[PDB]
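Peer 1: Residue numbers (the deposited numbering), protein chains in the order written: chain U, 1 to 145; chain X, 5 to 64; chain B, 242 to 341; chain S, 1 to 382; chain Y, 1 to 382.
#1: So, does the CB of residue 336 of chain B fall closer than 8 Å to a CB anywhere in chain S?
#2: Considering only the alpha carbon of each residue, which of Y:67, Y:345 and Y:277 lies closest to residue 3 of chain Y?
#3: Quick check on this structure: which residue in Y:328, Y:349 and Y:146 has the alpha carbon closest to the alpha carbon of residue 139 of chain Y?
#4: Report back the beta-carbon spacing between residue 101 of chain Y and residue 61 of chain Y to the nearest angstrom; my notes put them in contact at under 8 Å.
#5: When DSSP labels each residue in this structure, what does residue 245 of chain Y get in the three-state scheme?
#6: Take residue 74 of chain S as the anchor and find which of S:53, S:67 and S:227 has the nearest alpha-carbon.
#7: Work out the CA separation of residue 275 of chain S and residue 6 of chain S for me, nearest whole Å.
#8: Could you pull the start and end residues of the alpha helix (DSSP H) that residue 51 of chain X belongs to?
#9: Please confirm whether residue 39 of chain X has its beta-carbon closer than 8 Å to some beta-carbon of chain B.
#10: Going by beta carbon distance, what residues of the same chain come within less than 6 Å of residue 288 of chain S, once the five residues before and after it are set aside?
#11: Are residue 179 of chain Y and residue 93 of chain Y touching if we call contact CB-CB under 8 Å?
#12: Which residues in chain U sit within 9 Å of residue 62 of chain X, going by Cβ to Cβ distance?
#13: Can you give me the start and stop residues for the beta strand (DSSP E) that residue 307 of chain B sits inside?
#14: Across the region 105 to 114 of chain Y and the region 213 to 221 of chain Y, are there enough close Cβ pairs to call them in contact, namely three or more that are closer than 8 Å?
#15: One question on the structure: do residue 202 of chain S and residue 195 of chain S come within less than 8 Å of each other, judged by their Cβ atoms?
#16: Does any residue of chain U have a CB that is nearer than 8 Å to the CB of residue 18 of chain X?
#17: Taking only the alpha-carbon atoms, compute the straight-line gap between residue 265 of chain S and residue 154 of chain Y and give it to the nearest angstrom.
#18: Taking any Cβ of chain B, which residues in the region 12 to 36 of chain X have a Cβ under 9 Å from it, in chain order?
#19: Rounded to the nearest angstrom, what separates residue 156 of chain Y and residue 13 of chain U at their Cα positions?
#20: When the distance is taken between beta carbons, is residue 120 of chain Y closer than 8 Å to residue 44 of chain Y?
#21: Buried or exposed for residue 364 of chain S, going by 16 or more other Cβ atoms inside 10 Å?
#22: Helix, strand or coil: which one does DSSP assign to residue 331 of chain S?
#23: By the criterion of Cβ-Cβ separation under 9 Å, what are the contact partners of residue 27 of chain S in chain U?
#24: Whose C-beta lies closer than 7 Å to the C-beta of residue 439 of chain Y among residues of the same chain, with five residues either side of it excluded?
#25: For residue 125 of chain U, tell me which candidate among U:2, U:35, U:4 and U:5 has the shortest Cα-Cα distance.
#26: Which same chain residues end up closer than 6 Å to residue 30 of chain U when comparing Cβ atoms and leaving out the 5 residues on each side of it in sequence?
#27: Buried or exposed: where does residue 50 of chain S fall if 16 or more other Cβ atoms within 10 Å of its Cβ makes it buried?
#28: Report the option in X:6, X:17 and X:24 whose CA atom is closest to the CA atom of residue 62 of chain X.
#29: Does DSSP put residue 103 of chain Y in a helix, in a strand, or in coil?
#30: Check each candidate in S:91, S:164 and S:55 and name the one with the smallest Cα separation from residue 36 of chain S.
#31: May I ask you to report which of helix, strand or coil DSSP gives residue 244 of chain B?
#32: Take residue 59 of chain Y and list the residues in its own chain whose beta-carbon comes closer than 6 Å to its own, dropping the five residues that flank it on each side.
#33: Within a Cβ cutoff of 7 Å, which residues of the same chain sit near residue 237 of chain Y, ignoring the five residues on either side of it in sequence?
#34: Residues of chain X with CB under 7 Å from residue 10 of chain U, in chain order?
#35: Could you tell me the distance, in whole angstroms, from the CA atom of residue 347 of chain S to the CA atom of residue 324 of chain S?
#36: In angstroms, rounded to a whole number, what distance separates the CA positions of residue 262 of chain B and residue 47 of chain U?
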């Protein structure tokens, strides 16, 4: 019995959507298009939503080392290691699942999410986003105690 | 008892008539049924049952 | 992405990972400064390792709340009234001062 | 016997009170205010949080004209754009060159964060004053928690306590207050349905569970870019996010009289303002008759060491002639001097050592040991 | 165009207001207050109800001495009775003739009834005034619900309404109130921990779900009857049961200005006190230019029937000569006379019938139909 195998990803799919900057300021139909950046977390954690699906393969199976994106008409598999998040400098990715990414980012004015496909071709999406998280408490510190 | 809707009928949300593998059998029909129950309190009970696949031609 | 022309306002909903939740954040407490005294006056030698917020108020009718972010080595001269003075240095518990 | 005294409304200061019931040996009671709580009655007007701009997929009607309809949703915006020709990866989305329309629609509702990240707008009225008092009664510390209204009678070990009424009716809270987690702010917040864009109250929800919300975010839909499927818009940024950085210091930091501010429930703790009357109805059994106790005569006082400070910097040696052995209460008859000892054991022609606190450089005070007074002359140093 | 008027704060009375925008045909608006709600902000201090005296089976220690221990329970009472010899149906319960003790114990807690039968003690502060207004606007009745603070702008059919501020800040509610089901009482209730035996507050619970309660019921355990197993006691009867019969008439019956009192939420409805200013920003489209409106000439008025009363006891027939067909506003130019009709349809050389109300026996008044005035002479009967 596989009565506990509820997989919502069998019904859903990664997609191509508008991105204003796919690199060098030019717009494209991006397989890593930025949908929404959430910054309600006072600890500074960013909840990022993209057009692709992380941790899912084309056959709908769950694999944390894999990523699925829309390649022209059909979805294709890509490596999780190739996925990156950056503002003014690289971000620390804390969690990935489906359309969602958790990231700890340094101060910036833009937000970029990208990956490397099967053909070794890099794909990225840049959106203007002011990131300067407020101080937790009364001391501006760097590392977590 | 939590009730869901399918055309002219009412049924228990956790028990749609398409079971097992609702989506594998009829993908369009399953999604249409789920869309019709989006406002129903037992929508997530229906989503769980419709997107679960434990086929007959299997040992476990 | 454009809406499907054939179907109307037809939609479904799915649960998402990583929801927002209330937790606890651990913050460091700045080292206690070197404190010297004078007539209705308190002198603190602040040595911050990172930007540290210094705040103070009189414990009487006129609190006169003042605040400043201390970036580096700074000596602070504060007047302690008869009613008393409350000083908060970063994440430390407030220090209270009274004249003898 | 009812003993009535008045102490300043200051927490962490032990006060000595001399109970003198006629024909009974003097009794010294130490009283210390542990906490003074001012809890106002709150009435929730609304809650505010970060808003969410709900934008579904735009309706691109190929070879036709789309129609906007009035939807009863907060900040509902609808616009039909003519002469559109959008493109997808594999080419043009529409068959027609001209006569294609894009229906852009949007509305405002509470963000997913509203359950976790929110500020509550309360109407604060007539606070009930409460006090926690430590009493050194019969060599033991007793705790009395009572409303400081001068009516609430609290009985601990047969001693009836009536605390207050407070000399000052002062509160650090105004008529309208705003609460965010552990912080309280005095704010004349906008009423429900009067919130401004990009300011506190741009989105207003009467309760956190409320389905319908008020929204005034200045949401305006814009014409999409040439050959692009998207819903561009102009909107004033989150008023709650703006308030979080513009709020300034909370009441815990700005309030006069050294007020400590706590939440769950919202209360003012240890506001050092005015004085507090104390009524203690001490039972019959607690007292010892003068005859049951000792009679003191030929009393003399010497101060070999004194320093005028906040603590007991003074030392006094009192010589006496006691009629019999027993326990005697020690109390200062001068309010400018306070004694550490509340009770000492006496026996015949002997001497006692007490610790005293004073702010005076030249301290002249009277010490009552049992029912006899002795004058102490002290030259206290800085 | 902003039309500003002031009406008395009286519900169920239709008032006629003449809107005269320069260069535009006069407009008559009928306004009626449907309800005026005064809802105070409540802060629950505690709840009270019938108490329950919990008495378990007494501990009858045969051939031994039982020992009482201090239990942290409300009104905890414990007493050990010596020299007991209790009997059951089949004889003596104890083997020993002497040296048997009975430990009687009791405590007070909330009764099972406390969820159903209870009174709530609230701290009531600064009430928010709200008004429901019926406006006869463009031949249709529109309902406007707004806060009577003179700030809350409510737009219905493009007409912006600003109600208040109220001329009177009067409220039938005091600082401290008590609520029982559908009844509200002005009561200076005892604070928490200050309740007296046999009176309102003998038992006090901060919330209805609260595990720990305050109790002062004067519970005293008595020595059991000879050879009898029972726990006799003396206690002051239920303070809540006593208050239920001693409360008197509620605010719904005692409040001045004909106040109606409702619960869930606690509010004062239709308190006939002071006046209420009304601001109406009538849109451009609602108005008709004088030139675009019919012109009336050769006007005459006849009153065939009149009775001077509170209602429309007068009948008037007005003859006219209209330049064109259209709608004309009807208004009394004399404040001592009021007309039921706000708008009538005119056409050439015809006549109109109106209903009027007056207190005068000899009523001489002017009626403005569109932009022309006509004098009416009326002999009204008692």
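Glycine included, every Cβ here is placed at the ideal spot set by N, Cα and C.
Peer 2: The answer reads as follows:
#1: no
#2: Y:277
#3: Y:328
#4: 5 Å
#5: helix
#6: S:53
#7: 7 Å
#8: 47 to 54
#9: yes
#10: 25
#11: no
#12: 1 and 2
#13: 307 to 311
#14: yes
#15: yes
#16: no
#17: 35 Å
#18: 35 and 36
#19: 46 Å
#20: yes
#21: exposed
#22: strand
#23: Under the 9 Å cutoff, chain U gives no residues; its nearest Cβ is about 48 Å from residue 27 of chain S.
#24: Coverage of chain Y is limited to positions 1 through 382, which leaves residue 439 of chain Y absent and any answer about it impossible.
#25: U:35
#26: 19, 22 and 125
#27: buried
#28: X:24
#29: strand
#30: S:164
#31: coil
#32: 66 and 103
#33: 198
#34: 27 and 55
#35: 6 Å
#36: 12 Å
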